[PDB]
Amino acid sequence: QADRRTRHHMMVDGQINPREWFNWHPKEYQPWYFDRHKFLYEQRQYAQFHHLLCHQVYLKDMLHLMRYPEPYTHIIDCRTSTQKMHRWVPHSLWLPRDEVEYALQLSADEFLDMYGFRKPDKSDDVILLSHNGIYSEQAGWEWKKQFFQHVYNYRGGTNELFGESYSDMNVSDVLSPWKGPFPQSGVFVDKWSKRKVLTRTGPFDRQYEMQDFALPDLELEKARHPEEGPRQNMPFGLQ
Amino acid sequence: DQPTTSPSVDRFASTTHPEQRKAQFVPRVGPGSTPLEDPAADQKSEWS
Amino acid sequence: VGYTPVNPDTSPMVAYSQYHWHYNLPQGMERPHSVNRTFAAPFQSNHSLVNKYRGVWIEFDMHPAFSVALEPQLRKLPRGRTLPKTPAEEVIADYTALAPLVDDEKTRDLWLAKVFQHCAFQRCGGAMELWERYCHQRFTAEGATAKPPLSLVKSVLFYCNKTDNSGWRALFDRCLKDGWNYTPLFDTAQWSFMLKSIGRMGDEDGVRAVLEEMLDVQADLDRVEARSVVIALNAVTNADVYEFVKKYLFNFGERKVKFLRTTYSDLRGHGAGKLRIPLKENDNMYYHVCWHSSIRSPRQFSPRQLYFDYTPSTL
Amino acid sequence: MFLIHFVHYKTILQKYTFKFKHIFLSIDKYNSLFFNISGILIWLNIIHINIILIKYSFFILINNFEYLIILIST
Amino acid sequence: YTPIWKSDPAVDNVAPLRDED
Ligand SMILES: O=c1ccn([C@@H]2O[C@H](COP(=O)(O)OP(=O)(O)OP(=O)(O)O)[C@@H](O)[C@H]2O)c(=O)[nH]1
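Protein chains in written order, with the entry's author numbering: chain Y, 9 to 247; chain X, 1118 to 1165; chain E, 10 to 324; chain U, 4 to 77; chain L, 29 to 49.
If you want it as structure tokens, here you go:
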């Protein structure tokens, strides 16, 4: 008939019941879109870095610049480990990501002495390069914070160029299932009624929704559920 | 037909998401608080 | 105080409060508002446009000499927005008989294009003979140099779609950049009819070629008629073409994609009658178009649905 | 091969200036007229009066939102 | 729900160019 999942309860098992429409900060109803199929750093979890992103440069631009170089466009290789880099992107130069913060604070001379090539002026085009396009992005943020006017990241960079599959960092799309209780750092007291209410941090987070969302192929999606259908634990009207 | 060298080619952090389509750290506005960053079709006027 | 809230315009105890403007202050406008001027929206109605021609316009350019000379023959063929009911056999007989007498290429071909269009509206199958008898020799065969007049091509294509005909693929191919370069001059309705036909016949590969060209030529994607996109997509069973169609589906707009789903669910649904030939079952493509729609729409929060089974853990 | 050694001229001249206001310069705020409050009356359960300054009051506000409040010569 | 579609094959884009040259 009814039970803790179906009934109205302010609290279930000593913690705020996430099932109540009125236990959430109304801001959580505001409309949003799915990120996950977009480039890693455009996603919403990285929002603190969003002001910093870099204008892109596509594969076409890259081949064009291979055959037809510009004098004051610099292509800068950000690949960090020498163990993983076996080829040379034409007309590129090597500033590994790990050094960037230091490198960009050298004088023209000192920079010349440490990296063996001229430090790009702040007007010049700077194209950044990495395996996946992740380290190149982070490096980009560095170059942008010293204020460099044209900084382009080429995502998919060395992997697309050379057909290698390598990665700058090992990060995986899957989030580890949330462990503890709901964090008191996300609990949001209301200012008018002084009423405690959930936010979408923690075990409730949009990442988890997108992660477990229906697959985009009917066959793989039907494989995921029992014969009779997708949600049979629920009463018909909650399905 | 449009070359790789054309300004038409869209290089912005994001294709879809408007807040990721700026040039600088915040969204600059033109005179009269009109949108600068990505102009809408009718804001660009080619007149004499 | 109550279950019925105060409405802030009519209540002086709101209007004249300290958080609003009292009636004894000077009542002028506070700040100006320019909304429509700063960022303006383009007009798109919820309803389709009521006067639009809704067909494939065949562009009748005739010299006003043969236009008068040929009038008793042409009066039987379609003029603008008028579709005389003359049986197609008769019209083709008239062309076969009288056309060798006319000396103009341009005239003979405008006339032919009218014949084709007329036979497209009645769905008479014996009209391709006309293509093989007159046009094929100087247009489609053995790398002939000559470049057919646009209206003729549009007409023949329109005929191959209206009467579902394998022939279209040969003509269409000649229209790409290296050939006649006619493809960027096609109407949105042209694309609509093409897609629908190809879909019925069931060529995934025809569908792919056509969607690629449409996209490159900058057709109006959102205004391609939904029914025909659905019937085309429905035709796709092959793994690679399937991949293509996901990636491609991202080219439509939010709204378009929502109604791709609605239209799809209707054509296999309640509105299964609406089609002359019933759809064929693609459960995969149906599911996918629905899924895509769901991905691209704004997301809503239904917490009792998401967290239904949530239990907290002390780990 | 190299025939020459040279000194690198560049023209760095800024002669044009384009500064565009960021959006938040034009955002709204709430501004208010401000007079010296001569008195206040609150009533919800029980009425309470505070009188800061006794003068003939030239203006009077009434505000109903939570508690009834009347700001005198406000 | 990711990945939506099969990623591009491993193809090497630089080689054909520098080979022509
Ligand atoms: O979007 C729409 C709506 C309605 N219809 C109407 O559906 C009726 C039968 O639906 P069909 O779509 O099966 O017919 P058809 O291909 O022979 O029709 P054409 O589009 O080629 O004319 C058609 O005769 C037309 O009147 C559409 O064709 N498209």
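Where a beta carbon is used, it is the ideal one built from N, C-alpha and C, also for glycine.
{"Asked": "Beta-carbon spacing of residue 330 (chain E), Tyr104 (chain E) below 8 Å", "Found": "Nothing in the structure corresponds to residue 330 (chain E), since chain E is present only between 10 and 324."}
{"Asked": "Span of the alpha helix (DSSP H) around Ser144 (chain Y)", "Found": "142 to 153"}
{"Asked": "Distance CB(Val23 (chain E))-CB(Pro17 (chain E)) smaller than 8 Å", "Found": "yes"}
{"Asked": "Residues in the stretch 13 to 29 of chain Y having any Cβ partner in chain E nearer than 9 Å", "Found": "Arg13, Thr14, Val20, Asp21, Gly22, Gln23, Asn25, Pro26, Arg27, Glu28, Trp29"}
{"Asked": "Nearest candidate by alpha-carbon position, reference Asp198 (chain Y), set Y:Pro26, Y:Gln9, Y:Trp32", "Found": "Y:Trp32"}
{"Asked": "Proximity to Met294 (chain E) [Cα-Cα], best of E:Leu315, E:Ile240, E:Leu284, E:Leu324", "Found": "E:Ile240"}
{"Asked": "Closer than 8 Å to chain Y by CB, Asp47 (chain L)", "Found": "no"}
{"Asked": "Proximal residues to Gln154 (chain Y) (C-beta, below 6 Å), its chain only, five neighbours per side dropped", "Found": "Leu112"}
{"Asked": "Proximal chain X residues relative to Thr192 (chain E), where beta-carbon distance stays under 7 Å", "Found": "Going along chain X, no residue has its Cβ under 7 Å from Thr192 (chain E), so there is no contact; the nearest lies around 13 Å."}
{"Asked": "Within 8 Å, strictly: CB atoms of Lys123 (chain E) and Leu83 (chain E)", "Found": "yes"}
{"Asked": "Distance, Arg13 (chain Y) Cα to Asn33 (chain E) Cα", "Found": "56 Å"}
{"Asked": "Buried versus exposed, by CB contacts within 10 Å (16 or more), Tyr251 (chain E)", "Found": "buried"}
{"Asked": "Segment limits, beta strand (DSSP E) that includes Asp133 (chain Y)", "Found": "133 to 137"}
{"Asked": "Members of the stretch 228 to 260 of chain E near chain L, C-beta cut-off 7 Å", "Found": "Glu252, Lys255, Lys256"}
{"Asked": "Inter-residue spacing [alpha-carbon to alpha-carbon] between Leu223 (chain Y) and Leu101 (chain Y)", "Found": "42 Å"}
{"Asked": "Reference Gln64 (chain Y), options Y:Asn161, Y:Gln157, Y:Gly171, closest by Cα", "Found": "Y:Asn161"}
{"Asked": "Chain-ordered residues of the stretch 12 to 26 of chain U with a beta carbon less than 7 Å from chain X", "Found": "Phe23, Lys24, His25, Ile26"}
{"Asked": "Secondary structure, alpha helix (DSSP H): runs of 4+ residues fully inside the stretch 12 to 71 of chain U", "Found": "none"}
{"Asked": "Contact set between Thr1121 (chain X) and chain E, taken where Cβ atoms lie within less than 8 Å", "Found": "Within 8 Å Cβ-Cβ: nothing; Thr1121 (chain X) doesn't reach chain E, min ~16 Å."}
{"Asked": "Burial state of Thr272 (chain E), where buried means 16 or more other Cβ atoms lie within 10 Å", "Found": "buried"}
{"Asked": "For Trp32 (chain Y): DSSP bridge partner residues", "Found": "Y:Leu206"}
{"Asked": "Whole runs of the alpha helix (DSSP H) within the stretch 67 to 115 of chain E, excluding any shorter than 4 residues", "Found": "75 to 78, 80 to 83, 97 to 107"}
{"Asked": "Between the CA atoms of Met70 (chain Y) and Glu78 (chain Y) - distance to the nearest angstrom", "Found": "12 Å"}
{"Asked": "Residue burial classification, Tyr80 (chain Y) (beta-carbon count within 10 angstroms, cutoff 16)", "Found": "exposed"}
{"Asked": "Buried versus exposed call for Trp200 (chain Y) [16 or more other C-beta atoms within 10 Å across all chains shown]", "Found": "exposed"}
{"Asked": "Outcome for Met4 (chain U) when other beta-carbon atoms lying within 10 angstroms are tallied against a minimum of 16", "Found": "exposed"}
{"Asked": "Range covered by the alpha helix (DSSP H) that runs through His72 (chain Y)", "Found": "67 to 75"}
{"Asked": "Proximal residues to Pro243 (chain Y) (C-beta, below 8 Å), its chain only, five neighbours per side dropped", "Found": "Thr14"}
{"Asked": "Residue from E:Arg178, E:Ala129, E:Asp231 with nearest C-alpha to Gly211 (chain E)", "Found": "E:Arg178"}
{"Asked": "Counterpart residues of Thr81 (chain Y) in DSSP-defined beta bridges", "Found": "Y:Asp133"}
{"Asked": "Residue burial classification, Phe261 (chain E) (beta-carbon count within 10 angstroms, cutoff 16)", "Found": "buried"}
{"Asked": "Residue burial classification, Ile135 (chain Y) (beta-carbon count within 10 angstroms, cutoff 16)", "Found": "buried"}
{"Asked": "Reference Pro39 (chain Y); option with closest CA among E:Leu324, E:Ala50, E:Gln309", "Found": "E:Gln309"}
{"Asked": "Selection of the stretch 57 to 71 of chain U by Cβ proximity to chain X, strictly under 9 Å", "Found": "none"}
{"Asked": "Short CB-CB distance (under 8 Å) between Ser1162 (chain X) and chain Y", "Found": "no"}
{"Asked": "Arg142 (chain E) - DSSP class collapsed to helix/strand/coil", "Found": "helix"}
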